[PDB]
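below you'll find the sequence and an experimental structure to go with it.
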Amino acid sequence: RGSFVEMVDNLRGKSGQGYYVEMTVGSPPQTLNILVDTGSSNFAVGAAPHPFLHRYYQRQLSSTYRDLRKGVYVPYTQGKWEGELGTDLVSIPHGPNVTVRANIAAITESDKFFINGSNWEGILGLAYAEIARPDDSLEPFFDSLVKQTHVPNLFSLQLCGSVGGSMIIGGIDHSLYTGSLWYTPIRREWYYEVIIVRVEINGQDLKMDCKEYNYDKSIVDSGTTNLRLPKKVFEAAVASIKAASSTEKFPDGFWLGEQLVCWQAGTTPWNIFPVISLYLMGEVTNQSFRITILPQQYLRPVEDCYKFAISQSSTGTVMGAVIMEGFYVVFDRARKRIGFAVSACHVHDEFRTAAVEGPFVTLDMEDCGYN
Ligand SMILES: C[C@]1(c2cc(NC(=O)c3ccc(C#N)cn3)ccc2F)N=C(N)O[C@@H](C(F)(F)F)[C@@H]1F
Ligand code: NA
Ligand code: NA
């Protein structure tokens, strides 16, 4: 408990391609790099020689593979995968010293799913059964780990924005953050859904009915890059960010992520750009706390050309790698709560850093959830 040196620095990534962990499947073990995704619930790995893949799961080499004789077809807004379900032995070499029989979707066909040039071959969905495909009877990886071993029911993520970071399975590592953790209730176990109770742009309230902030949900999602905001909130949010920064001008397409913006090396003026404050529902009645991110988080370098990484959504708020990279994030499934602390690795400057503070008094926080 509190100290897990074998797990520190067990994630890798390339900017905008996500964070992955090394895993092994089958006997003998086949090593695969696997995207860490708290916004889905399937363990799904490349199982056929798609040209984008460095490696793929070869069921025929595994003596412990068991076929479930059942297909799965999974579309998303862009792209899709189809695969064959079964189970096999899975370990995490730089995770707990255990092996579990987990469900695995062996991906046999995909479209716009794998990234050309990336170093990962599958996805580890860490969310709950309610959104597993085909349905909630396909037990997700984390559920199997907890049922079959003594690994405690929690994990935590430190994403460092050549990306790296730490996934601590079964605990928290105190060297990964500073100050205190503050917890927000997981409103329902499907996605890691939470409730945003107030939003401030450089300490000015957007002043919306807070139901707008969670229309139709807000979730914590390591498998998305952007901070995504419901359209109505996104519109209010950039209007207020535009106003805060208008001491300089950007093309308008910029704010829709339709073009990039550039300054010449080491000239980016961060001091014009405002901080963005999200207040999350706290653990106690009428109590919230707030997390504060920097322009360093919402202006992503494209390899000095940044992309605006907040974007409108029709699926609700998505706190992607934009948010998580400032924070150490504890997915405390045993107590149905998500903890945030300042990350000991976040990208910052001389004037400002990311922040997690409380308590604040916020009344009627239950009105903020969408039904
Ligand atoms: C399974 C799924 C998903 C995630 C990624 N994710 C990255 O490719 C990436 C890229 C960069 C970063 C970063 N930083 C993280 N992930 C790619 C394909 C996917 F199919 N997971 C989530 N959460 O979002 C859904 C969606 F992508 F469709 F929106 C989708 F359900
Ligand atoms: Na257990
Ligand atoms: Na600490």
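Perfect, I can see it now. Residues are numbered from 1 along each chain as shown. Ligands and ions are numbered 1, 2, ... in the order given.

check which helix or strand covers residue 6.
For residue 6, there is no enclosing helix or strand under DSSP states H and E.

quick one: the closest residue to it other than its chain neighbours and ligand 1, what's the gap?
Leaving aside its sequence neighbours, residue 6 sits nearest to residue 94 (C-beta to C-beta, 6 or more residues apart in numbering; 6.4 Å). Every residue, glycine included, has its C-beta placed from N, CA and C. For residue 94, the distance to ligand 1 equals 19 Å [C-beta to the nearest ligand atom, to the nearest Å].

tell me the SS of residue 94?
Under DSSP: H, G, I helix; E, B strand; the rest coil, the three-state class of residue 94 is coil.

may I have the phi/psi pair for it?
Phi and psi for residue 94, reported as degrees, to the nearest 10, are phi -100, psi 40.

pretty sure it sits against residue 7.
Yes. Using C-beta atoms under 8 Å, residue 94 makes contact with residue 7 at a distance of 6.0 Å.

the more surrounded of the two?
Higher neighbour count among residue 94 and residue 7: residue 7, with 22 against 17, using other C-beta atoms under 10 Å.

ligand 1 contacts on the stretch 101-250 of the chain?
113, 123, 221, 223-225 (C-beta under 6 Å from any ligand atom).

in strands, which of those appear?
Among these, the residues falling in strands (DSSP state E) are residue 123.

just curious, which of the residues of the stretch 101-250 of the chain next to ligand 1 is nearest to residue 44?
Taking C-beta to C-beta as the measure, residue 44 sits nearest to residue 123 out of these, at 5.4 Å.

tell me the contacts of that closest one?
By C-beta atoms under 8 Å, 6 or more residues apart in numbering, the contact set of residue 123 is 34-35, 37, 40, 42-45, 223.

and those, which of them are in strands?
Judged by DSSP E, those include 34-35, 37, 43-45 as members of strands.

near ligand 1, list only the ones from these.
Okay, of the ones in strands among the contacts of residue 123 touching ligand 1 (C-beta under 6 Å from any ligand atom), that's residue 37.

and the two most separated of the residues of the stretch 101-250 of the chain next to ligand 1?
Going by C-beta to C-beta, the pair spanning those furthest: 113 and 221, at 16.5 Å.

not counting its neighbours along the chain, what's nearest the closest residue to ligand 1 within the stretch 1-150 of the chain?
Nearest residue of the stretch 1-150 of the chain to ligand 1 (C-beta to the nearest ligand atom) works out as residue 39 at 2.8 Å. The shortest distance from residue 39 to any non-neighbouring residue, by C-beta to C-beta, 6+ apart, is to residue 221 (3.4 Å).

does the one you found touch residue 319 like I think?
Yes. With contacts counted by C-beta under 8 Å, residue 221 reaches residue 319, the gap being 6.5 Å.

what segments of the stretch 51-200 of the chain are strands?
66-75, 80-91, 100-111, 122-125, 155-160, 163-169, 177-185, 193-194, 196-201 (DSSP state E, counting those that start in this stretch).

ok, the fifth one: who's next to it in the sheet?
Next to strand 155-160 in the sheet, as set by DSSP bridges, lie strand 163-169 (antiparallel), strand 327-332 (antiparallel).

quick one: furthest residue from the center of the chain?
Distance from the centre of the chain peaks at residue 63, with 33.6 Å (C-alpha atoms, centre = their mean).

so what does that residue have for phi and psi?
Backbone torsions for residue 63, taken as degrees, to the nearest 10, come to phi -80, psi -20.
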